[PDB]
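Structure record follows, encoded as structure tokens.
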Amino acid sequence: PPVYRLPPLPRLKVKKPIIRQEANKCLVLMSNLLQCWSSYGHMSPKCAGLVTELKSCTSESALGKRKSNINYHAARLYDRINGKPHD
Amino acid sequence: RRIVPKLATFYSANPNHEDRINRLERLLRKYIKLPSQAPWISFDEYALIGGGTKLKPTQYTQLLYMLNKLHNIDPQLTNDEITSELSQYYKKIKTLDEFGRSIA
Amino acid sequence: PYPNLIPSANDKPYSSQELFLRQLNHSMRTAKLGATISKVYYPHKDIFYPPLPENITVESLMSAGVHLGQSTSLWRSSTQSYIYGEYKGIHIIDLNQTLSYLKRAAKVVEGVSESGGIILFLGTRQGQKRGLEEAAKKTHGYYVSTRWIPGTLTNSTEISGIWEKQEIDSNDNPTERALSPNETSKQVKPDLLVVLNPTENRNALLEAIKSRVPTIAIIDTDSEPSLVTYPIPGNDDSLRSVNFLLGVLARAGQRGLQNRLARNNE
Amino acid sequence: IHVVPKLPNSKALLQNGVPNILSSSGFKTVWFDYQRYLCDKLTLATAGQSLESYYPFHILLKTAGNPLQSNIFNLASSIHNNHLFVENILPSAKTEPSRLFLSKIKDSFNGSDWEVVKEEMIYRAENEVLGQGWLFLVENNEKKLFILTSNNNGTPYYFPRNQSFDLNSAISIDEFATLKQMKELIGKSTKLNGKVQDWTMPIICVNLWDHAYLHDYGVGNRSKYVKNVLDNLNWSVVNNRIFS
Amino acid sequence: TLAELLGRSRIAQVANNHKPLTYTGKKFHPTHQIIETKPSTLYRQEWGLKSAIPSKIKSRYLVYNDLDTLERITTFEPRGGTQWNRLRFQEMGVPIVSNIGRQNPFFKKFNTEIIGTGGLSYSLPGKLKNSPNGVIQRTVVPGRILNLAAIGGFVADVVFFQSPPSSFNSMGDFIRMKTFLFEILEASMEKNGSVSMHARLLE
Amino acid sequence: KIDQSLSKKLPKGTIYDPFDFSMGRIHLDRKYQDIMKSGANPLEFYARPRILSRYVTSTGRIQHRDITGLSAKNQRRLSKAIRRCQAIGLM
Amino acid sequence: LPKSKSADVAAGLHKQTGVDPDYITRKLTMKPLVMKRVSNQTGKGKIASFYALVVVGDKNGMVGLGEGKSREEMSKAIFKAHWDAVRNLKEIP
Amino acid sequence: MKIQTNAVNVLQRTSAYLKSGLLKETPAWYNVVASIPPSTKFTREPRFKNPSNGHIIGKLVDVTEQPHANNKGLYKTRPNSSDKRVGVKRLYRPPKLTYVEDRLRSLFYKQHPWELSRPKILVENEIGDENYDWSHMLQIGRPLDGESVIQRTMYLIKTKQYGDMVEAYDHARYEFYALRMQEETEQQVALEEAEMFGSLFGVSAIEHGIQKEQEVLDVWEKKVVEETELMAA
Ligand SMILES: [Mg+2]
Ligand SMILES: [Mg+2]
Ligand SMILES: [Mg+2]
């Protein structure tokens, strides 16, 4: 395959390391409830427990629960990982 | 005669601390087989004998780790030398009235 | 021995401590029993029982892994004379050459120890510390594992200002008299810098040559050999090969120290 | 590579054997050849493995729990056990049994005599092991001693590899129950290797293999050989391997 | 000469390959030479390679491709799972025989194809295995059903008298959790070097 | 019941590993994933739209050498053949 | 409590790099070659700096060049240049 | 990187200082360095033999040295293009070391994939101490492996018992197989013996594997449930 060697750079770093967390439980419950209400009319008792669960989740605050060292490794290992020729 | 540095770690960054760690490390090595089963000097207190301004948190944590493990050696199996080395790193009631009521 | 051991009652079983002691006793007397194991490599044995420069062979160097140079793509062509050939995508260091350079290095190490010089063993890599300290202990010498603060020799008064200096006999007795504040503040320069990773501490090499100090280094197949006085071609990456060379050097220096002590006694 | 250790007064041993119990030839068969053979086998097994560096006893302890690589365990066990036996035998390196040892024996075997204990040991040897094996007098974490037979290369140290009775033949109810209890104990250990704690130490190993006796005593008279060994053994060595 | 010693020596002994360490395709046999250390040598990071190996690795075994690369790192993976598969197979004790009527290759220009088995089994088929309980006719081995069954480091085809609904339909695609016993009938080996086992579910 | 994406089906003849059952294995598999490559000039296929249409986007665009993964010369020949095809009626 | 400058230099050299002070004081003789005033445009303003360049040398083939710099007056810069020169002594053939 | 003058000319620089009087006292190292001089001759030295093979690097085959007809029956009467180019870089670039044994090794592991799964310690014991007679395969310090086979093949080739290499290799392979079979039988029977005499193994290899799988599966299950919930919402 076609390899692509970069030139000598000042500093290898990602400008925004994503630390892809899991989505919020409360938000999920809210979406589920919304989905249920799309069917079954406005407020039928099929989604009786779901609403209660949502309420329990969003009692103290609107969301329930409230970084990746990636550019601490790039910076560290750039000089090694280079194919930069000798001095 | 010759004028010469005391510590073998002299040229290193924090030589005194390194020297201090080395003795503890030697002790650990010596009594590494001895089976294992608090009031240690502060960072600032350690600095005055150790590195001073050149003492780092990581170095202090390492020193603590070294001391704690040594201390953990079952008291019955412990030595005099170990204890001597560790020696360095140590260091009104309210009542009712005449008439039985509590003022506050 | 074991003054605080509280022994269990005769009717009762062994205590934990008592049992441990019994195990230790067994280990000392009758565990290493059934056989003896000749011709096998214990890592520790290279630090505490290194061979003399004479008795080293090419085979021993090869076993140590000294022959394994950096890589074919990480080649400093300055080092061309030292390399034997390439194999497994790796330059392989000519080991007869390595041997001769090691001997030369070992001899200079011995000489400065005999003269009562300050030998300094510099080794910034991870595993090297313990062996480095042992070497420093062996000759009445010095070492650096935690990083070399740039300007220990060039800018000695700022860096190495507030550490205790000592006095010494023709033997190595402290002769503890008070050093004057003028007497203390002078720089105490090494008479041999010996590095285990010259490629990682260029800086140390550069002041040594500025500060006018002869230096020894394990020159791998990517390292510049002109940057110090006595290069030893070899495998600086593997921990055991370095230790072997270092241990040899320590032994050479130890011998020279012993000789100096003998001549002082005489 | 594992090689046989140099015994004290080796040339004398070669010339004679052992004064009472083993001939010049009989001693050679048990040690100077058989031990060597065992060592060679162990080396062949464990040439390029991590086991090459370790001593036989330490190898055995490492290996004990592993069902595969039982050959290594067997060899290591044999090597250690055989050298223990030789150590017990040796004339020097007259000594009597220790007072402490006698007191321990008395405590263990309902206040019986040492001669009685010996007699019980020889009876056990006669009855328990068929074919090859070992006869140990051991000491455990409870300070009292006891007699331990093993059926070929069973170690006195680690109880799951005691190899103490033969299920090739029929067995008792009590023996089965004991086995079941052992198995349960092993299961209770809860480690990845699955190895229990055990502090059994051998005090008098005896070699019930045919490599010792068969030359001198013939196919019968193994009991007689065992008795002879018991009569004439290095007591200083035994005393040394007794106290905590 | 030095050259001769190098040719003899333990790095030359490891036959070179640049196969992927990460191969997500079908793995029928070992790709790379497994390389162990002793514990002592691991403790001072020495594997008998060009360089020291990172102190993060605490496993004694590994696999590698390059002693040193342009990236200034040895290309390795700290895993030796293939030895354990072989050991499991040995424990199971089902001897591999060629289902096609052919002589055993171990008895009697170059052929790169796999000579019989690849050396996972040098066992011969004619033996029985006695125990305290008796002579073992049926080899009992615990395995997991996937949907095929994973049986001691090998995937194997499975057969049964009746398909049990209670165990299967209660947890349709979480059958991997529950370990079931198996009776391994025989092990054949195809041209590609895959071990085609055949098991039978016991209940 | 569960979807196909979150369960790796180990093939019949293959070996497996404890790791191979994991989520991480599946992720790794997801991460790591012809006649013109075989060694025959693509300019034989200019009267064979069926085969040339494989090296073309749904709309009709020719695919890039990064996508198609060809030798540069072979790619250019393929492109030429395609262009010839569309100059003719066929394709 | 409180030529002299040259002696102080020599003493400082002896501390820093083990050089013979008496030799530095006597046998070495210095000579300024260039004596600029030099400046940098900083945000605060134009910041001037006295640059010296001062050859020192024992008149027996031992010679050294040295440069030095001070924001404070030129005497300090010259001292620094002298120091640098003595650090960089060199045997010419 | 330029060739540094100042790392090896240390004693000269100090000797000058001493002469001047900049240095009052001589260093400890000075006499020692005088006695044992540095190299200071940082040359590119040419090499004329490949050490592994024993091929000649420097020489050129002439037109007069090739009298007979070539493949495709043409007589060489002139130097070719490559015979005129100045091949100096070959003298200086270090030789690629080649061994006949490497090919045999490669072949063996192709033929025996599962021999790769047998772990290999690469940490050398004393290479000088060994002394293997390759009359047989089973050496003492060395284990049984493909290497031993290959060594046996080489020995056979040397001795000319099998003049052909392939035949010698086959023979070595056949020797190996018997030994392997014997090893296999040893372990199984040892296991059987252990089972008979009431030995107790707490964790068998297959049981261990199952346990290992179980933890991973448990980890997967909780994660998978969460992922399904995510997907639902
Ligand atoms: Mg390097
Ligand atoms: Mg300048
Ligand atoms: Mg330049």
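As shown in the structure tokens, the chain order sets the letters A, B, ...; within each chain, residues go from 1, and ligands are also counted from 1 in the order they appear.
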
If we count only C-alpha atoms, which residues of chain H reach to within 12 Å of chain D? Please list them as a tab-separated table (two decimals) with C-alpha atoms, in the first residue's frame.
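So the final result, stored in out32.tsv, reads:
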```tsv
chain	number	residue	atom	x	y	z
H	118	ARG	CA	6.72	-24.07	21.45
H	119	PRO	CA	8.18	-21.11	23.41
H	120	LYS	CA	11.78	-20.10	22.72
H	121	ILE	CA	14.15	-18.50	25.25
H	122	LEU	CA	16.50	-16.15	23.35
H	123	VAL	CA	18.53	-15.07	26.42
H	124	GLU	CA	21.85	-16.81	25.73
H	125	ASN	CA	23.80	-18.88	28.21
H	126	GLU	CA	27.59	-19.01	27.63
H	129	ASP	CA	30.89	-23.30	26.90
H	130	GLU	CA	28.80	-25.53	24.58
H	137	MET	CA	20.07	-34.58	17.75
H	138	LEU	CA	19.59	-34.73	21.52
H	139	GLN	CA	22.20	-32.39	22.97
H	140	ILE	CA	22.18	-31.67	26.71
H	141	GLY	CA	22.15	-27.85	27.16
H	142	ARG	CA	20.04	-27.45	24.02
H	143	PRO	CA	16.32	-28.46	23.80
H	144	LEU	CA	14.68	-30.42	20.98
H	145	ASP	CA	13.49	-28.08	18.19
H	147	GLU	CA	17.18	-25.72	15.14
H	179	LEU	CA	11.97	-38.03	19.61
H	180	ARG	CA	8.87	-35.81	19.63
H	182	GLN	CA	8.61	-40.25	22.65
H	183	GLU	CA	8.34	-36.90	24.49
H	184	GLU	CA	4.57	-36.86	23.90
H	185	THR	CA	4.18	-40.41	25.25
H	186	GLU	CA	6.32	-39.61	28.33
H	187	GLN	CA	4.07	-36.77	29.50
H	188	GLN	CA	0.78	-38.64	28.98
H	189	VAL	CA	1.99	-41.73	30.85
H	190	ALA	CA	3.37	-39.54	33.68
H	191	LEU	CA	-0.09	-37.95	33.90
H	192	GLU	CA	-1.72	-41.41	33.94
H	193	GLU	CA	0.63	-42.55	36.72
H	194	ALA	CA	-0.20	-39.42	38.73
H	195	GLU	CA	-3.94	-40.10	38.29
H	196	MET	CA	-3.47	-43.72	39.42
H	197	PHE	CA	-1.49	-42.94	42.58
H	198	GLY	CA	-3.96	-40.35	43.93
H	199	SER	CA	-2.27	-37.14	42.80
H	200	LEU	CA	-4.58	-34.12	42.74
H	201	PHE	CA	-4.39	-31.29	40.21
H	202	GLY	CA	-6.51	-28.30	41.23
H	203	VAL	CA	-6.67	-26.57	37.85
H	204	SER	CA	-6.22	-28.41	34.54
H	205	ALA	CA	-5.18	-26.46	31.41
H	206	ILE	CA	-8.58	-26.69	29.71
H	207	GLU	CA	-10.33	-25.70	32.98
H	208	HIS	CA	-7.98	-22.71	33.27
H	209	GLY	CA	-8.80	-21.68	29.70
H	210	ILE	CA	-12.53	-21.92	30.38
H	211	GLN	CA	-12.12	-19.74	33.49
H	212	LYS	CA	-10.16	-17.19	31.45
```

* To do: Give as a ChimeraX atom specification every residue of chain F that touches chain E within 9 Å, counting only C-alpha atoms.
  => /F:1-3,7,9-18,21,25,28-30,32-33

* Residues up to 9 Å from ligand 2, counting only C-alpha atoms and all ligand atoms: could you list those as a ChimeraX atom specification? => /G:66-67,84

* For ligand 3, collect every residue having any atom at a distance of at most 9 Å from a ligand atom (counting only C-alpha atoms and all ligand atoms); output as a ChimeraX atom specification. => /A:87 /H:1-2

Writing out the chosen residues with C-alpha atoms as a PDB file, in the first residue's frame:
```pdb
ATOM      1  CA  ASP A  87      22.356  14.834  13.349  1.00  0.00           C
TER       2      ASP A  87
ATOM      3  CA  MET H   1      27.638  15.235  12.305  1.00  0.00           C
ATOM      4  CA  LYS H   2      31.155  16.618  11.771  1.00  0.00           C
TER       5      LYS H   2
END
```

Near-residue C:29 list (12 Å; only C-alpha atoms; drop same-chain fewer than 2 positions) as an mmCIF file with C-alpha atoms, in the first residue's frame:
```
data_model
loop_
_atom_site.group_PDB
_atom_site.id
_atom_site.type_symbol
_atom_site.label_atom_id
_atom_site.label_comp_id
_atom_site.auth_asym_id
_atom_site.auth_seq_id
_atom_site.Cartn_x
_atom_site.Cartn_y
_atom_site.Cartn_z
ATOM 1 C CA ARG C 22 11.879 -22.774 59.657
ATOM 2 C CA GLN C 23 11.325 -22.323 55.909
ATOM 3 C CA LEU C 24 14.368 -20.018 55.677
ATOM 4 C CA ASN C 25 16.458 -22.594 57.554
ATOM 5 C CA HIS C 26 15.290 -25.327 55.176
ATOM 6 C CA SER C 27 16.142 -23.119 52.183
ATOM 7 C CA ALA C 31 16.427 -26.807 49.315
ATOM 8 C CA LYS C 32 19.301 -26.304 46.863
ATOM 9 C CA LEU C 33 20.126 -29.988 47.221
ATOM 10 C CA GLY C 34 19.178 -32.456 44.473
ATOM 11 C CA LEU D 84 17.961 -36.399 50.753
ATOM 12 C CA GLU D 87 22.460 -37.245 52.835
ATOM 13 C CA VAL D 237 22.041 -34.268 59.264
ATOM 14 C CA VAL D 238 18.637 -35.332 60.622
ATOM 15 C CA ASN D 239 19.085 -33.096 63.689
ATOM 16 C CA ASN D 240 19.979 -30.162 61.429
ATOM 17 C CA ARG D 241 16.766 -30.577 59.371
ATOM 18 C CA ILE D 242 14.482 -30.662 62.477
ATOM 19 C CA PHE D 243 14.397 -27.335 64.405
#
```

Counting only C-alpha atoms, which residues from chain A have an atom at most 9 Å from any atom of chain C, and could you show them as a PDB file with C-alpha atoms, in the first residue's frame?
```pdb
ATOM      1  CA  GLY A  83      12.100   8.720  10.652  1.00  0.00           C
ATOM      2  CA  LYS A  84      14.235  11.831  11.023  1.00  0.00           C
ATOM      3  CA  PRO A  85      17.787  11.224   9.790  1.00  0.00           C
ATOM      4  CA  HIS A  86      20.761  11.595  12.136  1.00  0.00           C
ATOM      5  CA  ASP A  87      22.356  14.834  13.349  1.00  0.00           C
TER       6      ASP A  87
END
```

* Please provide the set of residues having any atom within 7 Å of stretch 130-145 of chain D, restricted to only C-alpha atoms, with same-chain residues fewer than 2 positions apart removed, written as a VMD selection string. => (chain C and resid 13 to 14) or (chain D and resid 104 to 105 107 to 108 125 128 147 to 153 156 199 to 210)
